[PDB]
>>> print(open('upload-v6.cif').read())   # mmCIF, C-alpha atoms and all ligand atoms
data_query
#
loop_
_atom_site.group_PDB
_atom_site.id
_atom_site.type_symbol
_atom_site.label_atom_id
_atom_site.label_comp_id
_atom_site.auth_asym_id
_atom_site.auth_seq_id
_atom_site.Cartn_x
_atom_site.Cartn_y
_atom_site.Cartn_z
ATOM 1 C CA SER A 657 3.657 -9.974 -14.851
ATOM 2 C CA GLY A 658 6.272 -7.188 -14.701
ATOM 3 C CA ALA A 659 7.607 -4.709 -12.167
ATOM 4 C CA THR A 660 5.341 -2.754 -9.872
ATOM 5 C CA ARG A 661 6.247 0.918 -10.076
ATOM 6 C CA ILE A 662 5.597 4.021 -8.008
ATOM 7 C CA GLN A 663 5.855 7.627 -9.207
ATOM 8 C CA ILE A 664 7.333 10.155 -6.793
ATOM 9 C CA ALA A 665 8.273 13.824 -7.070
ATOM 10 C CA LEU A 666 10.831 15.402 -4.759
ATOM 11 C CA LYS A 667 11.569 19.071 -4.036
ATOM 12 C CA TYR A 668 13.632 20.949 -1.486
ATOM 13 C CA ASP A 669 12.403 24.350 -0.290
ATOM 14 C CA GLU A 670 15.466 26.191 1.060
ATOM 15 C CA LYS A 671 13.368 29.261 1.903
ATOM 16 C CA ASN A 672 11.605 27.260 4.618
ATOM 17 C CA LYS A 673 14.290 24.549 4.941
ATOM 18 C CA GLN A 674 11.861 21.710 4.270
ATOM 19 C CA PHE A 675 11.744 18.729 1.932
ATOM 20 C CA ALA A 676 8.591 17.802 0.035
ATOM 21 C CA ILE A 677 7.761 14.213 -0.896
ATOM 22 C CA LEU A 678 4.904 13.842 -3.380
ATOM 23 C CA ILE A 679 3.500 10.326 -3.721
ATOM 24 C CA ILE A 680 1.751 10.285 -7.075
ATOM 25 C CA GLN A 681 0.702 6.806 -8.112
ATOM 26 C CA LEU A 682 1.343 3.122 -8.649
ATOM 27 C CA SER A 683 1.225 1.224 -11.909
ATOM 28 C CA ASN A 684 1.047 -2.508 -12.504
ATOM 29 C CA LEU A 685 -0.080 -3.106 -8.953
ATOM 30 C CA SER A 686 -1.561 -6.387 -10.235
ATOM 31 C CA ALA A 687 1.925 -7.862 -10.290
ATOM 32 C CA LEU A 688 2.568 -7.133 -6.613
ATOM 33 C CA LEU A 689 -0.757 -8.501 -5.303
ATOM 34 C CA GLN A 690 -2.006 -12.080 -5.300
ATOM 35 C CA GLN A 691 -5.197 -11.211 -3.461
ATOM 36 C CA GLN A 692 -7.956 -9.049 -4.898
ATOM 37 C CA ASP A 693 -9.926 -6.131 -3.385
ATOM 38 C CA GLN A 694 -7.371 -5.353 -0.654
ATOM 39 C CA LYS A 695 -6.848 -1.775 0.556
ATOM 40 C CA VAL A 696 -3.430 -0.274 -0.165
ATOM 41 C CA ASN A 697 -1.407 2.536 1.416
ATOM 42 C CA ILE A 698 2.172 3.777 1.085
ATOM 43 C CA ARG A 699 4.610 3.990 4.000
ATOM 44 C CA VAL A 700 7.268 6.697 3.620
ATOM 45 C CA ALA A 701 10.325 6.821 5.883
ATOM 46 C CA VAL A 702 13.202 9.325 5.861
ATOM 47 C CA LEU A 703 16.245 7.414 7.099
ATOM 48 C CA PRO A 704 18.304 7.157 9.158
ATOM 49 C CA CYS A 705 15.596 8.452 11.491
ATOM 50 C CA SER A 706 16.777 11.575 13.287
ATOM 51 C CA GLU A 707 14.785 11.792 16.523
ATOM 52 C CA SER A 708 14.476 15.592 16.365
ATOM 53 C CA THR A 709 11.633 15.618 13.787
ATOM 54 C CA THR A 710 9.188 13.129 12.292
ATOM 55 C CA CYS A 711 10.546 10.618 9.826
ATOM 56 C CA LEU A 712 7.669 8.151 9.226
ATOM 57 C CA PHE A 713 4.628 9.008 7.056
ATOM 58 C CA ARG A 714 1.658 7.041 5.660
ATOM 59 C CA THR A 715 -0.728 7.692 2.788
ATOM 60 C CA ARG A 716 -4.433 7.219 3.064
ATOM 61 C CA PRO A 717 -5.696 3.737 2.152
ATOM 62 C CA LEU A 718 -7.346 3.259 -1.202
ATOM 63 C CA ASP A 719 -9.092 0.399 -2.901
ATOM 64 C CA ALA A 720 -6.469 -1.500 -4.886
ATOM 65 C CA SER A 721 -6.451 -0.994 -8.662
ATOM 66 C CA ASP A 722 -3.725 -1.841 -11.183
ATOM 67 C CA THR A 723 -3.241 1.892 -11.525
ATOM 68 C CA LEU A 724 -3.764 3.715 -8.230
ATOM 69 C CA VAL A 725 -3.335 7.477 -7.768
ATOM 70 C CA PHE A 726 -2.719 8.889 -4.289
ATOM 71 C CA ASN A 727 -1.373 12.398 -4.855
ATOM 72 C CA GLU A 728 -0.335 12.882 -1.227
ATOM 73 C CA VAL A 729 2.452 15.285 -0.248
ATOM 74 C CA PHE A 730 4.424 15.181 3.005
ATOM 75 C CA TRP A 731 6.711 17.974 4.179
ATOM 76 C CA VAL A 732 9.765 17.307 6.351
ATOM 77 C CA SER A 733 11.845 19.854 8.272
ATOM 78 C CA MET A 734 15.525 19.442 7.478
ATOM 79 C CA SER A 735 18.574 21.417 6.427
ATOM 80 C CA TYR A 736 19.871 20.597 2.947
ATOM 81 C CA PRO A 737 23.103 19.060 4.310
ATOM 82 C CA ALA A 738 21.005 16.847 6.577
ATOM 83 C CA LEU A 739 18.807 15.846 3.627
ATOM 84 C CA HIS A 740 21.839 14.758 1.592
ATOM 85 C CA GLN A 741 22.730 12.026 4.123
ATOM 86 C CA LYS A 742 19.257 10.494 3.953
ATOM 87 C CA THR A 743 17.758 7.574 2.088
ATOM 88 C CA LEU A 744 14.023 7.609 1.369
ATOM 89 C CA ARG A 745 12.135 4.319 1.731
ATOM 90 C CA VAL A 746 8.637 3.893 0.282
ATOM 91 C CA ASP A 747 6.774 0.607 0.642
ATOM 92 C CA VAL A 748 3.402 -0.517 -0.704
ATOM 93 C CA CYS A 749 1.394 -1.998 2.157
ATOM 94 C CA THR A 750 -2.021 -3.645 2.331
ATOM 95 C CA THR A 751 -4.125 -2.950 5.386
ATOM 96 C CA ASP A 752 -7.383 -3.972 7.050
ATOM 97 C CA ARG A 753 -9.500 -2.910 10.041
ATOM 98 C CA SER A 754 -6.738 -4.571 12.093
ATOM 99 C CA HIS A 755 -4.543 -1.524 11.323
ATOM 100 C CA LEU A 756 -1.636 -3.891 10.643
ATOM 101 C CA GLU A 757 0.554 -3.084 7.640
ATOM 102 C CA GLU A 758 1.558 -5.784 5.168
ATOM 103 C CA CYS A 759 4.296 -4.019 3.234
ATOM 104 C CA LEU A 760 4.879 -6.383 0.315
ATOM 105 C CA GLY A 761 7.678 -4.433 -1.372
ATOM 106 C CA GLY A 762 9.092 -1.012 -1.968
ATOM 107 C CA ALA A 763 11.913 1.188 -3.192
ATOM 108 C CA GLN A 764 14.833 3.031 -1.611
ATOM 109 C CA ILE A 765 16.054 6.358 -2.935
ATOM 110 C CA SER A 766 19.392 7.938 -2.056
ATOM 111 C CA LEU A 767 18.773 11.656 -1.487
ATOM 112 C CA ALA A 768 22.385 12.781 -1.939
ATOM 113 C CA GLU A 769 21.643 14.532 -5.260
ATOM 114 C CA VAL A 770 18.395 16.332 -4.510
ATOM 115 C CA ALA A 771 18.678 19.769 -6.059
ATOM 116 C CA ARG A 772 18.666 22.870 -3.872
ATOM 117 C CA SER A 773 17.182 25.352 -6.346
ATOM 118 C CA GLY A 774 13.620 24.137 -6.444
ATOM 119 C CA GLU A 775 12.909 22.292 -9.673
ATOM 120 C CA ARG A 776 11.115 19.134 -8.600
ATOM 121 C CA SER A 777 12.366 15.846 -10.008
ATOM 122 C CA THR A 778 9.658 13.337 -10.856
ATOM 123 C CA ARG A 779 10.752 9.789 -11.509
ATOM 124 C CA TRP A 780 9.490 6.197 -11.559
ATOM 125 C CA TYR A 781 10.922 3.640 -9.155
ATOM 126 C CA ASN A 782 10.705 -0.144 -9.358
ATOM 127 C CA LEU A 783 9.499 -2.017 -6.315
ATOM 128 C CA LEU A 784 11.472 -4.880 -4.832
ATOM 129 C CA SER A 785 10.129 -7.530 -2.462
HETATM 130 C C1 LIG B 1 -5.437 18.234 -6.497
HETATM 131 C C2 LIG B 1 -4.373 17.129 -6.501
HETATM 132 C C3 LIG B 1 -3.136 17.584 -7.289
HETATM 133 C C4 LIG B 1 -1.826 17.400 -6.494
HETATM 134 O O1 LIG B 1 -1.833 16.779 -5.488
HETATM 135 O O2 LIG B 1 -0.605 17.951 -6.955
HETATM 136 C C5 LIG B 1 0.355 18.333 -5.988
HETATM 137 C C6 LIG B 1 0.952 19.716 -6.316
HETATM 138 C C7 LIG B 1 0.543 20.176 -7.720
HETATM 139 O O3 LIG B 1 0.900 19.218 -8.671
HETATM 140 P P1 LIG B 1 0.356 19.475 -10.204
HETATM 141 O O4 LIG B 1 0.248 20.974 -10.393
HETATM 142 O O5 LIG B 1 -0.970 18.764 -10.412
HETATM 143 O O6 LIG B 1 1.423 18.879 -11.307
HETATM 144 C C8 LIG B 1 1.142 19.105 -12.672
HETATM 145 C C9 LIG B 1 0.467 17.840 -13.259
HETATM 146 O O7 LIG B 1 0.918 16.700 -12.562
HETATM 147 C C10 LIG B 1 0.660 17.580 -14.772
HETATM 148 O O8 LIG B 1 0.927 16.194 -14.912
HETATM 149 C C11 LIG B 1 1.759 18.384 -15.532
HETATM 150 O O9 LIG B 1 1.269 18.641 -16.843
HETATM 151 P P2 LIG B 1 1.595 17.651 -18.144
HETATM 152 O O10 LIG B 1 2.873 16.875 -17.900
HETATM 153 O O11 LIG B 1 0.470 16.660 -18.418
HETATM 154 O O12 LIG B 1 1.789 18.554 -19.344
HETATM 155 C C12 LIG B 1 2.211 19.726 -14.885
HETATM 156 O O13 LIG B 1 3.405 20.210 -15.503
HETATM 157 P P3 LIG B 1 3.583 21.734 -16.168
HETATM 158 O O14 LIG B 1 3.602 21.648 -17.683
HETATM 159 O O15 LIG B 1 2.451 22.648 -15.735
HETATM 160 O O16 LIG B 1 4.910 22.328 -15.740
HETATM 161 C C13 LIG B 1 2.444 19.545 -13.373
HETATM 162 O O17 LIG B 1 2.895 20.750 -12.784
HETATM 163 O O18 LIG B 1 2.358 19.722 -6.272
HETATM 164 C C14 LIG B 1 2.912 19.673 -4.987
HETATM 165 O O19 LIG B 1 2.206 19.337 -4.099
HETATM 166 C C15 LIG B 1 4.387 20.031 -4.722
HETATM 167 C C16 LIG B 1 5.040 18.930 -3.875
HETATM 168 C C17 LIG B 1 6.452 18.604 -4.366
#
>>> encode(input="upload-v6.cif", output="structure tokens")
Amino acid sequence: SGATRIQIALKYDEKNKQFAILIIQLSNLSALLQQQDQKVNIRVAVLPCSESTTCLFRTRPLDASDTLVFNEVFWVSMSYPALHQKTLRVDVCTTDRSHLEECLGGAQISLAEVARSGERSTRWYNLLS
């Protein structure tokens, strides 16, 4: 069917020493799902997980569609040097009233070349299962 993709923007805010993760959307979600009508969220993790601050985030759940826009932004407190040791992991999970995640695939993103100035990179990432 193809690759399932997610669009993410990233931006460091050195004024406040925080890192923004913007989860924009999925395309070709049909490929990743066998079932129909499931509810889909994204699980974002900033790794390795430093216990000082919060490293695990979750989007709201939405009704699955081949394209699916979330536009959810998460802010993370972190010095730029800290940020540059981190890998970002985003997974596409299906979920039900059980509140159990079924993360069927996702991407990993080395954060060693996030810019410091402020221009936000927006890129597409292939999912892997
Ligand atoms: C209400 C929901 C919106 C939302 O959630 O958004 C989260 C906010 C605001 O994001 P945005 O402003 O919507 O982004 C704009 C559109 O996506 C558009 O695609 C593009 O125009 P084009 O490419 O079609 O021309 C614009 O480019 P310009 O040309 O203006 O530079 C771009 O700026 O960002 C953050 O949260 C920061 C976190 C890192």
>>> residues_around(input="upload-v6.cif", residues="residue 725 in chain A", least_positions_apart="6", cutoff="12 Å", atoms="all atoms listed in the file", output="compact mmCIF listing (two decimals) with C-alpha atoms, in the frame of the given file")
# COMPACT_ATOMS: atom_id res chain seq x y z
CA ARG A 661 6.25 0.92 -10.08
CA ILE A 662 5.60 4.02 -8.01
CA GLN A 663 5.86 7.63 -9.21
CA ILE A 664 7.33 10.15 -6.79
CA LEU A 678 4.90 13.84 -3.38
CA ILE A 679 3.50 10.33 -3.72
CA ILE A 680 1.75 10.28 -7.08
CA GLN A 681 0.70 6.81 -8.11
CA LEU A 682 1.34 3.12 -8.65
CA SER A 683 1.23 1.22 -11.91
CA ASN A 684 1.05 -2.51 -12.50
CA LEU A 685 -0.08 -3.11 -8.95
CA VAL A 696 -3.43 -0.27 -0.16
CA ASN A 697 -1.41 2.54 1.42
CA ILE A 698 2.17 3.78 1.08
CA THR A 715 -0.73 7.69 2.79
CA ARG A 716 -4.43 7.22 3.06
CA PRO A 717 -5.70 3.74 2.15
CA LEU A 718 -7.35 3.26 -1.20
CA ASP A 719 -9.09 0.40 -2.90
>>> residues_near_ligand(input="upload-v6.cif", ligand="ligand LIG 1 (chain B)", cutoff="9 Å", atoms="all atoms listed in the file", output="MDAnalysis selection string")
chainID A and resid 664:668 675:680 726:731 776:778
>>> residues_near_point(input="upload-v6.cif", point="(10.5, 8.7, 6.9)", cutoff="6 Å", atoms="all atoms listed in the file", output="ChimeraX atom specification")
/A:700-703,711-713
>>> atom_distance(input="upload-v6.cif", atom1="CA of residue 720 in chain A", atom2="CA of residue 745 in chain A")
20.6 Å
>>> axis_aligned_box(input="upload-v6.cif", around="range 727-744 of chain A", padding_each_side="3 Å", output="lines of an AutoDock Vina configuration file")
center_x = 10.9
center_y = 14.5
center_z = 1.7
size_x = 30.5
size_y = 19.8
size_z = 19.1
